[PDB]
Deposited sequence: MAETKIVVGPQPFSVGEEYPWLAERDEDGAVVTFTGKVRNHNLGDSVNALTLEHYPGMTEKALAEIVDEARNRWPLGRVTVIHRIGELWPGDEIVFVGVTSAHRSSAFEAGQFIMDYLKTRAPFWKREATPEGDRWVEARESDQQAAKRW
């Protein structure tokens, strides 16, 4: 019933993460989500003493709501460009319904509770990306 949580600048590879996530025979349904930066560079400011802890607390809550197997959550920091992979969420369960629902929940809570802030380097200077009301409403449904 292990959990992998990683926060750092290094790139990740879905092909390297998938084999461990899907290894157990009892984990019969496997769901992954990858999010990419959506031309200006972005930089991700963060709260180091809290980012890993916040991600772990979201997965702990998911485990109390659904019967989950192995779980992996990775979030990058530093300078990134459109098309670069920024976040990975991998979840397993006995049935597809729980795996899909837990993946959605983990992303909705990550986007409203994990301490990361995007800044864009535009032609006129750095500008902070705006938080979205749609993310607040998505999180409130759980």
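Judged by missing C-alpha atoms, the gaps in the deposited chain sequence fall at residues 1, 40-46, listed in sequence order.
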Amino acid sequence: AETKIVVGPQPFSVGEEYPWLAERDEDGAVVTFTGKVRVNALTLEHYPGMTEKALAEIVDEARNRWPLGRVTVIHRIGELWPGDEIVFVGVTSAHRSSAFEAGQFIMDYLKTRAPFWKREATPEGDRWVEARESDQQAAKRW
From here on, numbers count along this sequence of modelled residues.
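Rigid core here is just the name for the largest C-alpha set that superposes within 1.5 Å across the two forms.
Core-fitted comparison in 4 other deposited structures of this protein shows that, between 42-50 and 55-63, the CA atoms farther from the shown form belong to 42-50. Between 5-13 and 119-127, the higher mean Cα B-factor belongs to 119-127. In this structure the maximum Cα B-factor among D84, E79, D108, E57 is found at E79. Of the residues listed, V39, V89, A94, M50, the entry assigns the biggest Cα temperature factor to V39. Per the PDB record, residue ranking by Cα B-factor puts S98 in the middle third of the chain.
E61: CA B factor in the lowest third of modelled residues in this chain (values from the PDB entry).
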